[PDB]
Structures are given as structure tokens and as C-alpha cells.
Amino acid sequence: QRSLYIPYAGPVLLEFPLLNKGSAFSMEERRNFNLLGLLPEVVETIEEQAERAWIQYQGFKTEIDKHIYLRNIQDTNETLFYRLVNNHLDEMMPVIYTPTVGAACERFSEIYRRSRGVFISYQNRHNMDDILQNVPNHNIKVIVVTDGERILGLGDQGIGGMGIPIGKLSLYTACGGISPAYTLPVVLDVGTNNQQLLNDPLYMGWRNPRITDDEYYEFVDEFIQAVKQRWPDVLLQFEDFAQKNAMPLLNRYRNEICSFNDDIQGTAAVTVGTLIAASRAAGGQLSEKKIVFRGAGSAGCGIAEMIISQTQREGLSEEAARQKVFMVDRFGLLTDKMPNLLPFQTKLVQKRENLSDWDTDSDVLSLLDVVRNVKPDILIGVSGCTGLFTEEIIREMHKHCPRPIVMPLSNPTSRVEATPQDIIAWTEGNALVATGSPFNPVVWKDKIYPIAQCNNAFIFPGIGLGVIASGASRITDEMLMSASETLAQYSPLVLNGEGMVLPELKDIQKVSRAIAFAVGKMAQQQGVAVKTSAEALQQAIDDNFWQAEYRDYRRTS
């Protein structure tokens, strides 16, 4: 790798976190960049720096303190921060990101030390070009943007949303190899309806309720246009917007700028990937299985739609695929004759003629009565109501299905329709379990059963690395499906015949690189990236994969 040419020197250099090498600056670099005497004499390696940093990390006693310490290192030496993270991925990922980052966002205005990222408030709405011009990076390739309205089970956190993009981009870098020189976290501050923040004397954001719908969509459009002018090929990822906004924005912009929404699209993809692999481990394939959803909101229907696309890819007709899926809201079941259904749920309603077979009747047909009459292979929970997967509901399902697949996906752990410990009991260790939130490996009869988590970090970093390596101009449904299918190929339970359904975090870089290949190939096949040989695309993936090592520096004027 060639030298990097850099204008900064002296204490400015030591204080520029992307470029600072601290004690690893060589003797020659210390001479050329006017650093002699500003540092202790010792020249150390990054691995020696990361080892001191790990010793420091271990002296902190709470999660939030570990989080602050990691952000402090990130703000001192970015390469060192990534080296340390790579050495302790399992321990730190939950400190960098969910669930600890949520606490950080709640308390943003109290724990604030310094600024990272770009803040675009309503008052700045006519100067977004000037703001983007203030970013010093020569090139930006991935932006994560939030308005902070819906943070992971905490609601509206106003400008404190910033911690989400920052954490998310650290995962792009650590998991997908996107260089931290090419990422940019952005918060849109259009107000907050959290009255406790509006009333917090320490609040650092715009002290105003959220702007109106018309005001909002004009403001976001100025933002999208400003981002396009400066970085036309950027990948823009939307994160933690309100449900009323998340889908419309995705539809409006997914063909105008290369973009996706991880909460909608990434969550569907990792879940479908898990379902593919689970079904193969239970014997057979997802197209064979019958499926009931508890939770028929926008999120449940979006995941259902992707399962249906996938089972079509496995051999079924659309009619057949949709017939194998049953969606349950508060009331018993979505069917024909149900009044006042919004367009997306209509697509999934059951027709009563197919239900002439059923033993019960009613306007309202309970979940226990749906489970009874379908006899599913897969039960999925997305509603968020606790205990709904009652012992009777589980046994009735195990009463016909030998190797049940059950997935309480509801977040956080408090809102799960059943715990892993419960359902593994109620199925005598026959069930396959994957969760939305992390659980510890379950103990049962001296036997240990690890519980896989449908973590989005299995999907988005590969997506980003694929986009950038192929130069893809948009992110198609088919590119997302290729990510799900590729992820399933790395299932340890299927590969070795034993383990979790999803792969271990030790392998997340390997998975991301494979996903990137598939996503890139799909893009080229669909005509949203230039065609190249498979060997060339692989080489691009390798050339774009940043690892935590220092570059050599040369000084310019």
C-alpha cells in the first residue's frame, strides 16, 4: 500500500483522530511532521497500543462507562479504536451499539463531551450545502442518517439520536471493512415531541416540537438534494425514523440515490436468512413449511412479503406461497370480510373459502385457533406482547410439528412472546430458536443450547461493501435477497450439522465479504452496476476492505 499524503503536522496532527498514530509514529515521521519531543520516546506497534487500551477498558465497571471510554478512544486514534474493537468484537459490539447505545442516546445532552458527526437542524435548512462543505473528508461513501424519532424501544430522543449513526458506522467499518475515512454520521434535528427533553435545561437540541408533515418532507428533500450534489455515489442508510415516515421515505428515494433502510429491509433480510437455514436444519426447506405470524403490523407484513418472495424462488407459485402464511393482529386473524384494512395487510388476508375446512367459526378466530387449524412448522412473534406464546399454544404446535422453529423476534427481551428457556422446555429440546434480542445459551438437562440472534450486523455491512466494490447505483430487492441467501450458506447448524442457525461474530468479516460478492453480482446482473469478471469483483472487494493498520505518511503543503 502506498503512502498517504497529509497536510497536518505538530499538535494538530496528534489531535486529528483519523490520522493520529500516537506512540506508533516512527522516528522519521516524528522528524518530518514536527513531533519530536511532543510524545514519549518509545515507538510502539498498534498491537501494543491495543493491548494497553484493553487493560484500560477492563477497569470500567458499567456498560455506559465502557461506551464513553470507547468513544473517547475513537476521538483520539481511529485506527487504534478499530484495532481494539477487532480484538474483542463479542464483548464490545453491544457496548458500541445496541443495547448500550440506546442509553447513550437518552443521556446525550448530559454526557456530551465533544462533537462527532454532522447536525442539520430546521434553522439550517437553507444552508445545507454550506454544512456539507464543512466536512473535510475528500470522499464520503456511506452516510447513516436519523431524525431520532424511534430509537430501539426508547421512542423520540431528539438530537440524542446521533449516537445511532455513529455506532452503526462503527459496525460498517468493523464488520464490513468500510474505511472510517469514508463514513459520515448525520442527525436531522427537526424538533422533538419528547416533553421531558423539551423541558431538560441541559438539552442540546432544537428546543421545539417536531415540525409538520409538509415542512418535514420539504426539509428531507433539501437534505437528499444536498447529499446528491456533493456525493452522487454515496450509499445513504436511513435509521430509526418513525413508522409513518420510514416507508414513505424509502419509497420516495430508493431510486433517486443509492439507499436503504436497515430497520425495514435489513431486519427482513436477516430474518429470511435465518428461516432459510433453520428450515434446512429441520429437514427440507422453507417452501415446504407452514407459517404463522403473531404481529400483523407494517413490520410483520414486510417480513412476510420477503418470505413469500423467497419461497417463490424455491419453486412455489405466488398463490401457493401466500396461502402458507397466516397473519394475526390483536383480533384473531386477518381474513376476507375483515373491515378497514390498510393496503399492505390486504395482500396477506386469508380467504374464508379456504377456511371452510376449519373446525371453529366466528368473525374472530383466535391465535390458539389459528395454530390449531394450520399446524405450523414455524411460529414467529413480532407483536411485542409478553407471554402470548402460552404453554398451550406451544404444545399444540409441538403436538403436530416434530422439530418446531419458533422465533420470538420482539425487542427488547422484556417484550418476547416466549423466552428461550420456556419454549426449549415445552418442546423437550427439539425446537430451533432464534431471537431478535440477545439471550445467553440455555441450560437444560445438563445440556447447553446456544440461542442465535437475528442480528442486522450480518446483513448491512456486506450490503455496503458490495455496493462500494461494485459501484451499484441502487439497492434492489433482489440484492437484499441475495444477502439473505448468502447468509444462510454460512449456517453452522447446517454446515457442521451442529450449533447455532446463524454464524459466530468471529466470522462476521468473512460473511460480509461473501455477501458483498453476491450483492455485487446481482447488481451487475440487474444492470445497476457495470459488468466485470467475477475475479475482478473479488479483487475490488479485497481492495476496498479496510483493516485496522496504520498507513505510512508523507507531508505535503
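For the structure itself, look to the data block above.
What counts and what doesn't
- Residues numbered from 1 in each chain as written, not as in the entry; some residues may be left out.
- Heavy atoms only, no water.
- Helix = DSSP H or I, 4+ residues; strand = E, 2+ residues; numbered from the N terminus.
- Rg over C-alpha atoms; globule rule 2.2 N^0.38 Å.
- Buried < 20%, exposed > 50% of the residue type's maximum accessible area, 1.4 Å probe, protein only.
- Salt bridge = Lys/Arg side-chain N within 4 Å of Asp/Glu carboxyl O.
- Pairing = 2+ DSSP bridges.
- Right-handed = clockwise from strand over helix to strand, strands pointing away.
- Patch = residues over 30% accessible without salt bridge, like charges linked within 9 Å, V, L, I, M, F, W, Y side chains within 5 Å.
- Areas by Shrake-Rupley, 256 points an atom, 1.4 Å probe, with all protein chains shown as cover.
- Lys, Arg positive; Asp, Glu negative; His and termini not counted.
- Charge placed at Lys NZ, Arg CZ, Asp CG, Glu CD.
- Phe/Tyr/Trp six-rings, centres within 6.5 Å; stacked < 30°, edge-to-face > 60°.
- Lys NZ or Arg CZ within 6 Å of the ring centre and 35° of its normal.
- Contact = heavy atoms within 4.5 Å.
- Axes fitted to C-alpha atoms, helices over the stretch in contact; angles between N-to-C directions.

Time to look at the overall build of the protein. Looking only at helices and strands, the protein features 25 helices and 15 strands. In terms of overall size, the protein behaves like a compact globule, its C-alpha atoms giving a radius of gyration of 25 Å where 557 residues would be expected to give roughly 24 Å. With respect to the three principal axes, the spread of C-alpha positions in the protein is 85 × 55 × 50 Å. The buried share of the protein, taken over its 557 residues, is 55%.

Take the pattern of salt bridges next. For the structure shown, the criterion picks out 25 salt bridges. Residue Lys168 is joined to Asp262 by a salt bridge in which the shortest nitrogen-to-oxygen separation is 2.9 Å. Linking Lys168 in helix α10 (residues 163–176) with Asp262 in helix α14 (residues 262–281), this pair joins segments that are 94 residues apart in sequence. Classification of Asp262 by relative accessible area gives buried; the value is 1%. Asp477 serves as the salt-bridge partner of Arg254, at 2.9 Å between the closest nitrogen and oxygen. You can see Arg254 sitting in the loop between α13 (243–253) and β6 (259–261) and its partner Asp477 sitting in helix α22 (residues 477–488), a full 223 residues away along the chain.

Among the five residues in strand β3 (residues 142–146), five count as buried, and that is most of the element. Relative to strand β4 (residues 183–189), β3 runs parallel, the two sharing five bridges. Considered in β4, the bridge of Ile143 is made with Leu184. Crossover connection from β3 via α10 to parallel β4: handedness right-handed.

The subject of this paragraph is a negative patch on the surface. There is a patch of like negative charges on the surface, built from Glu63, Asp90, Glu91 and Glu504. Position of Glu63 among the secondary structure elements: in helix α4 (residues 63–74).

Right, let's talk about the packing of aromatic side chains for a bit. Across all of its chains, the model carries 14 aromatic pairs by this definition. Judged by centre distance (4.7 Å) and plane angle (65°), the ring pair of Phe81 and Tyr82 falls under edge-to-face. For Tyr82, a relative accessible area of 7% gives the class buried. Judged by centre distance (5.6 Å) and plane angle (70°), the rings of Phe238 and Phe241 are edge-to-face. Here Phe238 matches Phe241 in class, with each residue buried. Three or more aromatic residues link up through ring pairs in this structure, and these residues are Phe25, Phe33 and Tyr553. One residue, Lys21, lies across the ring of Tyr553, its end atom 4.4 Å from the ring centre. The cationic tip of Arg513 hangs over the ring face of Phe545; the distance from NZ or CZ to the ring centre is 4.2 Å.

It is worth spelling out the sheet that holds strand β14 (residues 452–453) at this point. Spatially, six strands are ordered β8-β7-β9-β10-β11-β14 in an open sheet, and the strand pairing comes out parallel. Single-partner strands in this sheet number two, and they are β8 (325–328) and β14. Direction of pairing for strand β10 (residues 405–408) relative to strand β11 (residues 432–435): parallel, over a ladder of two bridges. Across the sheet, the residue bridging to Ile405 is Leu432, located in β11. This element, α14, spans β9 (378–381), β10 and β11 of the sheet and lies at about 155° to β10.

Turning to unusual backbone geometry, a few remarks are in order. Geometrically, the link from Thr98 to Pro99 is a cis peptide bond, its omega value of -5° lying close to zero. The topology assignment puts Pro99 in the loop between α6 (89–96) and α7 (100–106). Look at the link from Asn411 to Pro412: it is a cis peptide, with omega at -5°. Structurally, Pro412 is set in the loop between β10 and α20 (420–426). With a phi angle near 55°, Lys375 is a residue other than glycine that sits in the positive phi range.

Our focus in this paragraph is the sheet that holds strand β5 (residues 235–238). One open sheet accounts for five strands, arranged β2-β4-β3-β5-β6; its pairing is parallel. Of all strands in the sheet, those with a lone pairing partner are β2 (118–121) and β6, marking the two edges. Strand-to-strand, the axes of this sheet are offset by a mean angle of 20°, without reference to chain direction. Direction of pairing for β3 relative to β5: parallel, over a ladder of four bridges. Looking at β5, one finds that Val142 is bridged to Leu235. Packing against the sheet, helix α12 (residues 213–230) makes contact with β2, β3, β4 and β5, and its axis sits at approximately 160° to β4.

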